[PDB]
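Chemist: The following block contains the structure, expressed as structure tokens.
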Amino acid sequence: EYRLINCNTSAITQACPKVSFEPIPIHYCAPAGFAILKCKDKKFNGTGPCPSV
Amino acid sequence: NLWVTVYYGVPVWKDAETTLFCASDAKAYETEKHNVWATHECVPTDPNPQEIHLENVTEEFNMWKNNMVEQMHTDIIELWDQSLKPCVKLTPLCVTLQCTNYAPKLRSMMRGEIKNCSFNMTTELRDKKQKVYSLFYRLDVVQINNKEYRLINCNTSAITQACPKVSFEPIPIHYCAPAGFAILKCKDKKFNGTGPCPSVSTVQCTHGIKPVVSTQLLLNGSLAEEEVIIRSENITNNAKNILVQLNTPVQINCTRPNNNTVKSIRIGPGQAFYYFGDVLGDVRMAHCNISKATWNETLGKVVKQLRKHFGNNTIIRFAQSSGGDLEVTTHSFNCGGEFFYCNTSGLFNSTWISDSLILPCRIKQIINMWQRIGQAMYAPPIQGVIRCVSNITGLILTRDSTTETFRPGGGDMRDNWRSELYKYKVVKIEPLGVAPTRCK
Amino acid sequence: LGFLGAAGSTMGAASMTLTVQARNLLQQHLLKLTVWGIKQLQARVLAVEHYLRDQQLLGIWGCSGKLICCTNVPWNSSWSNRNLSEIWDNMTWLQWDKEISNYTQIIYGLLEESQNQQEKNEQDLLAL
Amino acid sequence: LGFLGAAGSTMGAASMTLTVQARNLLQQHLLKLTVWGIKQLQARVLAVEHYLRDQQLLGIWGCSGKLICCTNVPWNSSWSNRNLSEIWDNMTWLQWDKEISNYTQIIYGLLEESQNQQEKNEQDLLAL
Amino acid sequence: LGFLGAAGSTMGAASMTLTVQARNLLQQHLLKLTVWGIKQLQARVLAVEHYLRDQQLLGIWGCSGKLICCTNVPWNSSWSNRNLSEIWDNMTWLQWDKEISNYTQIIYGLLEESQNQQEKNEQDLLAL
Ligand SMILES: *[C@@H]1O[C@H](CO)[C@@H](O[C@@H]2O[C@H](CO)[C@@H](O[C@@H]3O[C@H](CO)[C@@H](O)[C@H](O[C@H]4O[C@H](CO)[C@@H](O)[C@H](O)[C@@H]4O[C@H]4O[C@H](CO)[C@@H](O)[C@H](O)[C@@H]4O)[C@@H]3O)[C@H](O)[C@H]2NC(C)=O)[C@H](O)[C@H]1NC(C)=O
Ligand SMILES: *[C@@H]1O[C@H](CO)[C@@H](O[C@@H]2O[C@H](CO)[C@@H](O)[C@H](O)[C@H]2NC(C)=O)[C@H](O)[C@H]1NC(C)=O
Ligand SMILES: *[C@@H]1O[C@H](CO)[C@@H](O[C@@H]2O[C@H](CO)[C@@H](O)[C@H](O)[C@H]2NC(C)=O)[C@H](O)[C@H]1NC(C)=O
Ligand SMILES: *[C@@H]1O[C@H](CO)[C@@H](O[C@@H]2O[C@H](CO)[C@@H](O)[C@H](O)[C@H]2NC(C)=O)[C@H](O)[C@H]1NC(C)=O
Ligand SMILES: *[C@@H]1O[C@H](CO)[C@@H](O[C@@H]2O[C@H](CO)[C@@H](O)[C@H](O)[C@H]2NC(C)=O)[C@H](O)[C@H]1NC(C)=O
Ligand SMILES: *[C@@H]1O[C@H](CO)[C@@H](O[C@@H]2O[C@H](CO)[C@@H](O)[C@H](O)[C@H]2NC(C)=O)[C@H](O)[C@H]1NC(C)=O
Ligand SMILES: *[C@@H]1O[C@H](CO)[C@@H](O[C@@H]2O[C@H](CO)[C@@H](O)[C@H](O)[C@H]2NC(C)=O)[C@H](O)[C@H]1NC(C)=O
Ligand SMILES: *[C@@H]1O[C@H](CO)[C@@H](O)[C@H](O)[C@H]1NC(C)=O
Ligand SMILES: *[C@@H]1O[C@H](CO)[C@@H](O)[C@H](O)[C@H]1NC(C)=O
Ligand SMILES: *[C@@H]1O[C@H](CO)[C@@H](O)[C@H](O)[C@H]1NC(C)=O
Ligand SMILES: *[C@@H]1O[C@H](CO)[C@@H](O)[C@H](O)[C@H]1NC(C)=O
Ligand SMILES: *[C@@H]1O[C@H](CO)[C@@H](O)[C@H](O)[C@H]1NC(C)=O
Ligand SMILES: *[C@@H]1O[C@H](CO)[C@@H](O)[C@H](O)[C@H]1NC(C)=O
Ligand SMILES: *[C@@H]1O[C@H](CO)[C@@H](O)[C@H](O)[C@H]1NC(C)=O
Ligand SMILES: *[C@@H]1O[C@H](CO)[C@@H](O)[C@H](O)[C@H]1NC(C)=O
Ligand SMILES: *[C@@H]1O[C@H](CO)[C@@H](O)[C@H](O)[C@H]1NC(C)=O
């Protein structure tokens with residue numbers, strides 16, 4: 001006798017067999033009164049003053 | 001000769017309804033993740049109590065038409081409903097119960113009270129069932145005619161597991177009004193309930209309010225400041241209830257002195273509920289204590305306030321409450337996971353002319369909060385013992401020749417909050433003004 | 001005094017407190033939706049238009065910017081002609097305001113017509 | 001006439017109706033969420049910025065407050081030079097407006113540059 | 001240059017770029033509610049008051065409309081008296097701003113009191 005994994009812990013949802021999963025490129029617009037900075041410095045450390053902002 | 005001169009920023013208002021929102025005192029909780037009252041996702045209170053006094057101005061209030069009551073009583077039902085939603089529905093619980101008494105050889109008041117029971121509970125598999133032994137109370141099961149028992153709910157409502165990580169401790173809540181509005185404050189001692197407070201002031205955001213649920217009395221509340229204060233709406237009517245505020249508290253101790261055991265059974269793929277498994281030690285009644293001589297001295301202050309404007313040459317007779325549901329009959333309160341029902345017949349057996357005390361207390365499991373037939377919450381049991389200590393602040397009465405009967409009443413939860421919102425009303429600021437002056 | 005500090009005061013005494021009345025108008029970014037987030041969203045909205053609807057009216061009435069300005073329409077003395085030198089610095093704002101209240105609608109449409117219709121044409125009439 | 005009362009009228013005749021056009025802009029407190037409460041929430045929002053985005057523009061164009069004001073940038077006569085004494089009080093607003101419509105973007109950036117860039121410096125240049 | 005184009009520039013050089021800084025402030029009608037509609041609703045709101053709270057302040061400070069205007073309160077020279085002819089067109093806005101930052105709260109309440117309380121009474125005092 002076998003048994004599924006989920007029944008230990010969770011419940012099961014059918015995954016809607018018409019939708020897809022292809023990762024669409026997403027842009028992120030900031031609202032007004034705000035801005036998004038950009039480093040643009042090559043070889044950026046992770047934490048440092050980007051000069052070419 | 002005179003022309004109309006406009007004015008902006010005039011200190012003048014009207015009275016209006018508006019939406020109004022939370023304000024928490026910012027703490028570091030991080031234990032029960034979120035309680036029933038959403039203190040998380042609430043704005044932290046400014047620790048600057050800006051309380052601006054108003055000079056030589058009066059305003060008649062009404063504690064009987066505060067829409068702040070109806071806004072908050074909407075919200076307390078709704079927050080309760082909101083947190084109760086994502087937990088386990090005990091749909092397959094409503095089965096036929098084989099039961100018997102738990103301590104069959106017992107002489108005390110607890111005889112025939114706790115009932116051992118038996119199930120066929122559906123497991124997480126579809127075709128596997130399970131015989132389950134558990135314990136229940138008299139006030140949860142109903143006979144059908146080891147006679148077959150059945151729960152109360154299945155007459156009317158459905159069952160939700162009560163999310164056994166959250167708490168129920170009433171956090172003090174402040175109410176900040178939005179901009180362009182203000183909240184008035186009476187500040188007059190011995191305020192009638194409807195009258196011009198002379199000593200008014202105003203704030204943006206009220207003081208702490210603990211939204212406790214209680215019947216027949218007012219636990220944990222706010223004190224008075226001068227004496228016993230009586231309030232009602234129509235003192236000559238028998239339909240209006242009676243609001244009593246006390247200048248001093250009474251320290252009530254309450255306990256559920258049983259060392260218990262909670263078991264757990266997965267009943268679905270993730271649905272695992274908790275039930276009152278076993279009692280260590282032996283079975284003990286739950287009760288509450290009160291200083292008797294303090295309370296008579298407390299009650300002696302009350303009748304003096306009664307005989308001022310009502311029944312001077314007339315006896316004052318207290319009777320036990322009449323009957324109906326337990327919520328409208330007896331004292332009922334949550335105290336952090338348990339719902340007590342303490343009989344209060346030993347506090348209303350008294351008349352007047354011209355060494356502690358013990359109240360027996362019952363507890364339930366299945367709760368019908370705010371008289372909503374359709375909803376029924378199953379609280380989980382709690383391990384260990386309960387050691388609730390509380391004050392008292394208020395009293396809810398009703399009036400039934402030269403004889404007077406005062407029976408203890410309750411029922412509407414909104415009357416709990418009129419005891420906290422009589423000091424306030426909501427005004428809409430008007431920054432306009434037009435006067436004639438000497439300029440063109 | 002403070003915000004609403006001169007509430008039961010003389011109109012001339014409460015003339016010099018308008019800045020504190022106007023500063024104490026209009027937080028948490030990244031709201032959720034559940035219960036209190038609705039009210040805080042409602043708190044953000046109601047502060048806007050109740051600030052703004054009269055802010056429209058001063059542009060309607062030509063008294064743009066914070067000015068205790070006066071118009072060119074004469075005061076009609078049918079509107080409780082009571083010692084307008086004397087009573088202007090006697091009673092309060094408050095009790096005087098509901099006395100005016102039966103005719104304030106009649107005033108306002110004349111305000112937007114008196115100098116706001118007429119005297120806003122005539123500078124174009126001399127703009128040659 | 002009324003709100004939009006002078007719609008098909010002379011521009012000079014419809015010059016003297018701007019107050020009724022502006023009064024008839026911008027209720028129920030304590031909203032729920034269900035269906036119509038969404039739209040009434042959406043009704044409150046859209047009235048704000050559509051009132052406000054041009055209200056920004058008059059501060060951009062320096063014509064703050066309700067004024068039929070004029071600029072200092074000259075009219076370019078390449079933009080349909082048609083009898084600007086005659087046609088200015090002949091046709092309508094309406095049919096004249098779409099004639100202008102191909103160049104209005106070009107106008108507006110020059111408006112914020114002409115007196116709004118230049119003539120807003122020079123009072124500081126004489127502020128000594 | 002462009003929006004924020006003169007960011008690391010001279011304050012006098014970056015004096016003449018304020019219009020591009022103000023135009024690039026504040027779509028889709030008929031929103032749903034689901035996920036992104038929440039954020040776009042939140043995007044509409046936050047643009048309003050962050051435009052508006054300082055727009056209140058210029059009316060508070062009497063500098064209504066876009067004006068680089070100056071007050072009548074004197075500069076207290078305890079606030080880093082550093083060559084105020086020289087340094088005013090030397091460094092930047094940016095690094096100079098955090099130098100001022102410890103006292104800006106003290107300034108602003110004096111701004112609404114200096115000409116905004118006092119000099120807004122006295123035209124009524126000569127209005128006779
Ligand atoms: C009126 O006001 C008074 C204030 O004076 C209130 O009295 C206080 O009530 C609270 C709660 O009833 C009580 O707090 C308990 O104190 C114990 C001793 O420190 C704590 O051990 C206990 O914490 C446990 O329970 C909490 C709730 O479940 C949990 O949040 C907490 O993490 C602990 O839980 C662990 O332990 C239990 C043990 O069974 C276990 O089941 C859990 O799973 C977990 O492992 C309480 O916090 C105060 O001590 C009371 N103060 C006084 C002076 O008495 C009174 O309640 C108010 N009246 C009313 C009606 O509310
Ligand atoms: C409830 O009653 C049942 C009756 O069967 C009890 O179950 C038996 O208890 C005895 C001693 O307690 C055990 O020796 C048996 O093995 C139990 N039977 C089964 C099938 O397990 C049960 O103990 C009672 N509940 C409590 C809490 O005492
Ligand atoms: C306290 O409230 C009561 C009502 O609950 C007031 O009683 C009536 O008040 C009205 C108006 O003041 C009078 O016309 C009635 O004659 C009063 N009836 C009685 C039986 O007193 C009472 O006046 C209030 N008291 C104060 C001091 O405000
Ligand atoms: C319950 O009542 C007691 C008094 O009977 C309160 O204790 C007082 O609390 C105030 C406010 O913190 C203190 O100033 C007093 O010194 C306290 N008195 C004593 C004797 O301790 C207590 O705070 C009340 N508790 C609740 C939860 O209401
Ligand atoms: C308060 O309730 C009393 C009843 O106890 C009302 O008094 C009677 O009201 C009925 C109906 O209005 C009248 O027919 C009687 O004549 C009243 N009796 C007296 C002695 O007045 C009273 O009207 C109620 N008052 C308020 C303010 O609600
Ligand atoms: C309720 O219980 C608490 C403790 O269980 C009582 O507190 C004690 O009170 C006595 C006298 O009042 C003091 O001498 C003790 O020091 C107190 N102990 C603690 C730990 O506080 C309280 O008095 C009880 N209340 C009543 C009405 O009996
Ligand atoms: C609280 O306890 C009292 C104890 O007396 C109960 O009162 C008794 O109730 C029964 C049922 O009606 C009567 O037959 C007795 O005559 C009552 N006793 C007395 C002395 O009157 C009371 O029922 C209990 N409270 C509740 C809600 O059940
Ligand atoms: C259930 O989970 C436990 C750990 O949570 C794991 O040890 C066990 O193997 C799991 N059982 C099944 C059937 O997956
Ligand atoms: C449980 O099921 C068994 C067999 O189906 C039956 O004999 C027993 O009476 C049932 N007990 C209960 C409490 O339903
Ligand atoms: C069901 O409700 C009715 C009244 O609504 C009541 O008389 C009856 O006793 C209830 N039955 C059970 C089993 O609780
Ligand atoms: C309850 O029983 C357990 C059994 O291990 C014991 O550890 C605990 O101290 C008991 N608690 C009380 C309050 O008796
Ligand atoms: C309560 O006190 C009063 C006087 O203070 C007395 O007449 C009465 O008998 C007392 N009652 C009890 C139950 O002690
Ligand atoms: C009231 O108390 C007395 C004794 O204190 C007792 O004899 C009497 O039966 C009681 N009556 C009620 C209604 O509780
Ligand atoms: C003043 O108002 C009255 C009505 O109260 C009106 O009859 C009268 O014509 C008005 N006076 C003027 C000058 O408009
Ligand atoms: C007027 O617009 C035309 C384009 O239609 C352009 O070529 C011309 O230079 C403009 N005149 C002026 C003075 O800018
Ligand atoms: C300038 O600020 C200092 C504090 O840094 C203060 O002591 C001094 O009085 C201020 N000067 C004036 C003229 O207000």
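Residue numbers start at 1 in each chain; chains themselves are named A, B, ... in the order of the structure tokens; ligands are numbered from 1 in the order shown.
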Around ligand 2, out to 12 Å and counting only C-alpha atoms and all ligand atoms, which residues are there? I want them as a ChimeraX atom specification.
Modeler: /B:98-104,114-119,130-136,146,260-263,275-280,282
Chemist: Quick one: residues within 12 Å of stretch 10-16 of chain A, only C-alpha atoms, excluding same-chain residues fewer than 3 positions away - as number ranges by chain?
Modeler: A: 4-7, 19-21; B: 124-125, 266, 268-272
Chemist: Any chance you could export the current selection's C-alpha atoms as a CSV table (one decimal), in the first residue's frame?
Modeler:
```csv
chain,number,residue,atom,x,y,z
A,4,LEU,CA,1.2,10.3,-1.2
A,5,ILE,CA,3.6,12.7,0.5
A,6,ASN,CA,1.2,15.7,1.2
A,7,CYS,CA,-1.2,13.8,3.5
A,19,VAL,CA,-2.2,28.9,-17.4
A,20,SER,CA,1.5,28.9,-18.0
A,21,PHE,CA,4.6,29.4,-16.0
B,124,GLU,CA,-6.3,12.0,7.1
B,125,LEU,CA,-6.9,9.1,4.8
B,266,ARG,CA,-4.7,14.6,12.5
B,268,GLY,CA,-7.4,15.6,7.6
B,269,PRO,CA,-4.5,16.3,5.4
B,270,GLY,CA,-3.2,19.1,7.7
B,271,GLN,CA,-6.3,19.3,10.0
B,272,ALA,CA,-5.1,18.3,13.4
```
Chemist: Could you write out, as a ChimeraX atom specification, all the residues of stretch 26-86 of chain D that DSSP marks as alpha helix (DSSP H)?
Modeler: /D:36-60
Chemist: Identify all chain C residues at most 8 Å from chain E by counting only C-alpha atoms; ligands do not count. Present them as number ranges by chain.
Modeler: C: 16, 19, 22-23, 26, 48, 65-68
Chemist: Could the residues in this selection be written to a file with N, CA and C atoms, as a compact mmCIF listing (two decimals), in the first residue's frame?
Modeler:
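Resulting contents of selection_28.txt:
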```txt
# COMPACT_ATOMS: atom_id res chain seq x y z
N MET C 16 -5.47 86.00 15.95
CA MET C 16 -4.04 85.72 15.87
C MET C 16 -3.71 84.31 16.33
N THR C 19 -2.49 80.09 12.36
CA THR C 19 -1.42 79.24 11.86
C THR C 19 -1.42 77.89 12.55
N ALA C 22 -4.04 75.64 11.22
CA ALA C 22 -3.82 75.09 9.90
C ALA C 22 -2.63 74.14 9.81
N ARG C 23 -1.70 74.20 10.77
CA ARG C 23 -0.56 73.29 10.72
C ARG C 23 -0.95 71.88 11.11
N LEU C 26 -3.17 67.32 8.00
CA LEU C 26 -2.34 66.27 7.39
C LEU C 26 -0.82 66.49 7.40
N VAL C 48 -7.80 64.35 2.62
CA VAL C 48 -7.46 65.09 1.41
C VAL C 48 -8.58 66.05 1.04
N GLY C 65 -4.23 81.72 -1.44
CA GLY C 65 -3.23 81.85 -0.40
C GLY C 65 -3.86 82.21 0.94
N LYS C 66 -3.10 81.96 2.00
CA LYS C 66 -3.59 82.31 3.33
C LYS C 66 -3.58 83.82 3.47
N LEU C 67 -4.77 84.40 3.41
CA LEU C 67 -4.97 85.81 3.65
C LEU C 67 -6.28 85.95 4.39
N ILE C 68 -6.28 86.76 5.45
CA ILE C 68 -7.56 87.22 5.96
C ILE C 68 -7.91 88.38 5.04
```
Chemist: Write down, as a PyMOL selection string, each residue of chain D that has any atom within 10 Å of an atom of chain B, counting only C-alpha atoms.
Modeler: chain D and resi 28-31
Chemist: For ligand 7, return the neighbouring residues as a PDB file with C-alpha atoms, in the first residue's frame (distance at most 8 Å; only C-alpha atoms and all ligand atoms).
Modeler:
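Everything below was put into part-v9.pdb:
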```
ATOM      1  CA  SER B 321     -31.362  37.401  37.899  1.00  0.00           C
ATOM      2  CA  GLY B 323     -33.404  33.494  33.488  1.00  0.00           C
ATOM      3  CA  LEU B 326     -26.404  31.802  30.473  1.00  0.00           C
ATOM      4  CA  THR B 329     -28.176  35.179  33.390  1.00  0.00           C
ATOM      5  CA  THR B 330     -24.800  34.566  34.952  1.00  0.00           C
ATOM      6  CA  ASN B 343     -23.154  31.770  39.413  1.00  0.00           C
ATOM      7  CA  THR B 344     -23.841  35.082  41.143  1.00  0.00           C
ATOM      8  CA  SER B 345     -26.878  34.283  43.269  1.00  0.00           C
ATOM      9  CA  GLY B 346     -24.737  34.907  46.346  1.00  0.00           C
TER      10      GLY B 346
END
```
Chemist: What residues in chain A have any atom no more than 8 Å from chain E when counting only C-alpha atoms, and can you write them as a PDB file with N, CA, C and O atoms, in the first residue's frame?
Modeler:
```pdb
ATOM      1  N   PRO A  31       6.617  55.046  -7.717  1.00  0.00           N
ATOM      2  CA  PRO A  31       5.608  56.103  -7.794  1.00  0.00           C
ATOM      3  C   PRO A  31       6.249  57.473  -7.862  1.00  0.00           C
ATOM      4  O   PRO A  31       7.461  57.637  -7.718  1.00  0.00           O
ATOM      5  N   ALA A  32       5.400  58.470  -8.084  1.00  0.00           N
ATOM      6  CA  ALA A  32       5.846  59.849  -8.177  1.00  0.00           C
ATOM      7  C   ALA A  32       6.368  60.336  -6.833  1.00  0.00           C
ATOM      8  O   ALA A  32       6.012  59.823  -5.772  1.00  0.00           O
ATOM      9  N   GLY A  33       7.244  61.332  -6.888  1.00  0.00           N
ATOM     10  CA  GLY A  33       7.915  61.750  -5.680  1.00  0.00           C
ATOM     11  C   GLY A  33       8.960  60.777  -5.201  1.00  0.00           C
ATOM     12  O   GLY A  33       9.351  60.818  -4.034  1.00  0.00           O
TER      13      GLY A  33
END
```
Chemist: Could you pull out the strand (DSSP E) residues of chain C, going by DSSP on the backbone, and write them as a list in words?
Modeler: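 Filtering chain C to strand (DSSP E) leaves residues 70, 71, 72, 73 and 74 of chain C.
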Chemist: Would you write out those residues with C-alpha atoms, as a PDB file, in the first residue's frame?
Modeler:
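Saved the output as result25.pdb:
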```pdb
ATOM      1  CA  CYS C  70     -11.954  91.103   2.435  1.00  0.00           C
ATOM      2  CA  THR C  71     -14.271  91.299  -0.513  1.00  0.00           C
ATOM      3  CA  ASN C  72     -16.012  94.175  -2.249  1.00  0.00           C
ATOM      4  CA  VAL C  73     -19.594  92.996  -1.734  1.00  0.00           C
ATOM      5  CA  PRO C  74     -21.305  95.087   0.970  1.00  0.00           C
TER       6      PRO C  74
END
```
Chemist: Skip residue B:292 itself and residues of its chain fewer than 4 positions away, then list as a PyMOL selection string all residues within 9 Å of it, counting only C-alpha atoms.
Modeler: chain B and resi 296-297+355-357
Chemist: Keeping only N, CA and C atoms, write those residues as a CSV table (one decimal), in the first residue's frame.
Modeler:
```csv
chain,number,residue,atom,x,y,z
B,296,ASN,N,-19.6,44.4,50.8
B,296,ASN,CA,-20.8,45.0,51.5
B,296,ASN,C,-20.5,46.5,51.7
B,297,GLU,N,-19.3,46.8,52.1
B,297,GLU,CA,-18.9,48.2,52.2
B,297,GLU,C,-19.0,48.9,50.8
B,355,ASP,N,-13.3,34.5,55.8
B,355,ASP,CA,-14.5,35.3,55.9
B,355,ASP,C,-14.9,35.8,54.5
B,356,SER,N,-14.3,35.2,53.5
B,356,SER,CA,-14.6,35.7,52.1
B,356,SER,C,-15.8,35.0,51.6
B,357,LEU,N,-16.0,35.0,50.3
B,357,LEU,CA,-17.2,34.5,49.6
B,357,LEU,C,-16.8,33.8,48.3
```
Chemist: For stretch 216-228 of chain B, please output as an NGL selection string all residues within 7 Å (counting only C-alpha atoms; exclusion window: fewer than 3 positions along the same chain).
Modeler: :B and (245-248 or 301-302 or 305 or 330-331 or 390-396 or 408-410)
Chemist: Save out the residues we just selected, N, CA, C and O atoms, as a tab-separated table (two decimals), in the first residue's frame.
Modeler:
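Output file result01.tsv is given in full below:
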```
chain	number	residue	atom	x	y	z
B	245	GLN	N	-20.86	52.92	37.92
B	245	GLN	CA	-19.41	53.01	37.96
B	245	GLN	C	-18.96	53.20	39.40
B	245	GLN	O	-19.56	53.97	40.15
B	246	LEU	N	-17.91	52.49	39.78
B	246	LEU	CA	-17.45	52.45	41.16
B	246	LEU	C	-16.14	53.21	41.30
B	246	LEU	O	-15.29	53.16	40.41
B	247	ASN	N	-15.99	53.89	42.43
B	247	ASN	CA	-14.78	54.63	42.73
B	247	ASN	C	-13.64	53.76	43.24
B	247	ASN	O	-12.55	54.28	43.49
B	248	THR	N	-13.87	52.46	43.41
B	248	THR	CA	-12.85	51.58	43.94
B	248	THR	C	-13.06	50.19	43.39
B	248	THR	O	-14.20	49.79	43.14
B	301	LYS	N	-22.11	51.82	49.56
B	301	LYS	CA	-21.96	53.08	48.85
B	301	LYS	C	-22.98	53.20	47.72
B	301	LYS	O	-23.34	54.31	47.34
B	302	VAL	N	-23.44	52.06	47.20
B	302	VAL	CA	-24.29	52.07	46.02
B	302	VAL	C	-25.68	52.55	46.37
B	302	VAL	O	-26.27	53.38	45.66
B	305	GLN	N	-26.21	56.15	46.75
B	305	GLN	CA	-26.35	56.81	45.46
B	305	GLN	C	-27.70	56.53	44.84
B	305	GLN	O	-28.23	57.36	44.10
B	330	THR	N	-25.90	34.63	34.01
B	330	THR	CA	-24.80	34.57	34.95
B	330	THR	C	-23.63	35.40	34.47
B	330	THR	O	-23.59	35.89	33.34
B	331	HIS	N	-22.67	35.60	35.38
B	331	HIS	CA	-21.41	36.22	35.03
B	331	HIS	C	-20.66	35.34	34.05
B	331	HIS	O	-20.49	34.15	34.28
B	390	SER	N	-8.21	39.69	38.95
B	390	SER	CA	-8.77	40.84	38.25
B	390	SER	C	-9.41	41.79	39.23
B	390	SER	O	-9.78	41.42	40.34
B	391	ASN	N	-9.56	43.03	38.78
B	391	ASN	CA	-10.32	44.02	39.52
B	391	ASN	C	-11.79	43.92	39.15
B	391	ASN	O	-12.22	43.00	38.45
B	392	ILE	N	-12.57	44.88	39.61
B	392	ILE	CA	-13.91	45.09	39.10
B	392	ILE	C	-14.11	46.59	39.01
B	392	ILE	O	-13.44	47.36	39.70
B	393	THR	N	-14.93	47.01	38.09
B	393	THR	CA	-15.19	48.44	38.01
B	393	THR	C	-16.66	48.78	37.97
B	393	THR	O	-17.07	49.79	38.54
B	394	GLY	N	-17.47	47.98	37.30
B	394	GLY	CA	-18.82	48.41	37.05
B	394	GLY	C	-19.89	47.41	37.39
B	394	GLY	O	-19.60	46.34	37.94
B	395	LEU	N	-21.13	47.74	37.06
B	395	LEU	CA	-22.25	46.88	37.38
B	395	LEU	C	-23.41	47.24	36.47
B	395	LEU	O	-23.70	48.41	36.26
B	396	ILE	N	-24.07	46.21	35.94
B	396	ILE	CA	-25.19	46.39	35.03
B	396	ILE	C	-26.44	45.84	35.70
B	396	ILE	O	-26.51	44.65	36.03
B	408	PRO	N	-29.88	41.81	38.28
B	408	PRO	CA	-28.68	42.08	37.49
B	408	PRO	C	-28.91	41.68	36.05
B	408	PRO	O	-29.33	40.56	35.76
B	409	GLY	N	-28.63	42.60	35.13
B	409	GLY	CA	-28.85	42.33	33.73
B	409	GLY	C	-27.59	42.37	32.90
B	409	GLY	O	-26.48	42.41	33.44
B	410	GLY	N	-27.75	42.37	31.58
B	410	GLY	CA	-26.62	42.40	30.67
B	410	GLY	C	-27.05	42.15	29.24
B	410	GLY	O	-27.98	42.79	28.75
```
Chemist: So which residues are near ligand 10, meaning at most 9 Å away with only C-alpha atoms and all ligand atoms counted, given back as a PyMOL selection string?
Modeler: chain B and resi 141-144+150-156
Chemist: Please produce an output containing C-alpha atoms for each residue in the selection, written as a tab-separated table (two decimals), in the first residue's frame.
Modeler:
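Below is the file that was written, selection18.tsv:
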```tsv
chain	number	residue	atom	x	y	z
B	141	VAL	CA	-23.44	17.78	24.85
B	142	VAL	CA	-27.13	17.00	24.51
B	143	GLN	CA	-28.87	13.65	24.99
B	144	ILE	CA	-30.61	12.01	22.05
B	150	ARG	CA	-24.65	15.03	20.53
B	151	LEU	CA	-23.10	18.47	20.57
B	152	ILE	CA	-25.04	21.71	20.80
B	153	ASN	CA	-23.91	23.40	17.54
B	154	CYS	CA	-25.39	20.78	15.18
B	155	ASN	CA	-28.80	22.19	15.91
B	156	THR	CA	-27.71	25.53	14.48
```
Chemist: Collect all residues with atoms no farther than 8 Å from ligand 11, counting only C-alpha atoms and all ligand atoms, and output them as an MDAnalysis selection string.
Modeler: chainID B and resid 257:260 280:281 384:385
Chemist: How about saving the chosen residues, C-alpha atoms kept, as a short mmCIF file (atom, residue, chain, number, x, y, z; two decimals), in the first residue's frame?
Modeler:
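The resulting file, part01.cif, is reproduced below:
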```
data_model
loop_
_atom_site.label_atom_id
_atom_site.label_comp_id
_atom_site.auth_asym_id
_atom_site.auth_seq_id
_atom_site.Cartn_x
_atom_site.Cartn_y
_atom_site.Cartn_z
CA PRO B 257 -7.48 24.22 39.49
CA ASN B 258 -6.94 21.14 37.33
CA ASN B 259 -3.71 19.70 35.95
CA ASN B 260 -4.75 18.69 32.46
CA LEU B 280 -3.81 14.71 36.43
CA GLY B 281 -4.50 14.80 40.11
CA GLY B 384 -1.83 23.44 33.41
CA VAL B 385 -3.89 25.51 35.80
#
```
Chemist: Excluding residue B:70 and its own-chain neighbours fewer than 5 positions away, which residues fall within 10 Å of it when counting only C-alpha atoms? Please give them as a PyMOL selection string.
Modeler: chain B and resi 65+75+414+417
Chemist: Please, which residues have at least one atom within 9 Å of an atom of ligand 14, using only C-alpha atoms and all ligand atoms, listed as a ChimeraX atom specification?
Modeler: /C:74-79,103
